[PDB]
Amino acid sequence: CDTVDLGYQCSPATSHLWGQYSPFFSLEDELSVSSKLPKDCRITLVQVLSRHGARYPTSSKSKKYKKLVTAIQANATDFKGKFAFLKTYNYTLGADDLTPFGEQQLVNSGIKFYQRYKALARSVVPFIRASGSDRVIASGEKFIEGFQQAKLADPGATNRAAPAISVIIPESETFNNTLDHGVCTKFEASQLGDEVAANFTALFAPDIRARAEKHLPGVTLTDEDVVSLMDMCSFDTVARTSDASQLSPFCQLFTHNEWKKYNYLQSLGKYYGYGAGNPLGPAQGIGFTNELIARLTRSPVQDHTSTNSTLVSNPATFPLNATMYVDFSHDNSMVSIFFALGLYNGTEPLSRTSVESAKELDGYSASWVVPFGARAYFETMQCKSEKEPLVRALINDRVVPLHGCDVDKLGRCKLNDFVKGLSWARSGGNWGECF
């Protein structure tokens, strides 16, 4: 179901509609020109920003799901139609960690990165950081395994030293971490994302609730419970087999149209929680944006948001000339970073009452942007066509045309023009509003 090149391709009428719980699926050529290296161009730098792989529910969500399944089994006097499996379903999902399928997604991502950037990767040991979450570190380790596997199979590789994770950045309300939000006090108190999500859930869940209760006489559900049952479709799928090759029985409880609504609920939560829908959402991505500027320009970091001055000032923890960089992070920070970079500046604020497709949203959705195992590549290339280095952004293989600069038909801008266009991040944006 899942391959190095194309990601997850089984049951796409369901599995591509789980938002940030969808396994990565390649968006090569989807509302986009090819991501192939253009003729007479050579990559000179690449930054990768990768999410962790498919995981179990968080400890708190796992407790909530198990509670619900138990109550359904305690209360139902019959389990009708496609709900029949719920009589004997045994809840055994873990918590927080990667699933085996999620580990393999990250091995695959490391193979794909090597293959795509083979010309550089043959001689380069990437500089790697990970946010301090066990699933994120484990994802970095699995990516490195895949990178090394591919490099070992290439008789043209000259430097095969294994890359280490050189920096693990703590996750704390008081540690400035560009790969995980947490220090912006006002933002952390925001309820906007949850409120938008709750409002949209109240629109679509009642009809599903009524149908589920009809097939489970004796059971009383809430709107929240409907969402839990829908969450279980993704979590059970990515856990129950090593290769996620069998759709969970939870999945067919809901129709394709209902999956489109769930997919949009996820997009809304991310847009209003972490993206431009939140007044301090894109501010969470300023620190990484300034780190990326420093790497692209081979210059010291200029930032007073969520960079750590000690870490960015030491070449051991922040080299300015490493040619390949790979950072491991989470969905929410990645959303903020993509918005801070201006990559979704063609997306209109999402309707809170109506489902809008990724097409109508200029390529934005949670499943297109931050699926499990999501990756972004930020390239600098030197092309015969142009004296100045050109920048290109690929999000899950889709070319995402740059905003703020004189962009070409291939989605690229000249390096200096691109950096000039990031004036908002370069100034620190509205970070002061945090406090």
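In case it trips you up, residue 1 is the first one in the sequence shown, and so on.
Tell me which stretch has the larger mean Cα B-factor in this entry, 157-165 or 97-105.
That would be 157-165.
Once you work out the mean C-alpha B-factor for both 389-397 and 66-74 from the entry, which is higher?
The entry gives the higher C-alpha B-factor average to 66-74.
Among the choices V183, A283, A276, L320, identify the one whose CA B-factor in the record is greatest.
Highest CA B-factor of the listed options: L320.
With respect to the C-alpha temperature factors reported in the PDB entry, which of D134, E213, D236, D303 ranks highest?
Spelled out: the listed residue with the top C-alpha B-factor is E213.
What third of the chain, by the recorded C-alpha B-factor, contains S26?
Lowest third, going by the recorded CA B-factors of the chain.
How does the C-alpha B factor of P349 compare with the rest of the chain: lowest, middle or highest third?
Middle third.
State the tercile, meaning the lowest, middle or highest third, of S365 with respect to the CA B-factors recorded for its chain.
Answer is lowest: the recorded C-alpha B-factor places it there.
For the chain shown, is the CA B-factor of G140 in the lowest, middle or highest third of its modelled residues?
Its C-alpha B-factor, which the entry lists for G140, ranks in the lowest third among residues of this chain.
Taking the entry's C-alpha B-factors for this chain, is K261 in the lowest, middle or highest third?
Lowest third, going by the recorded CA B-factors of the chain.
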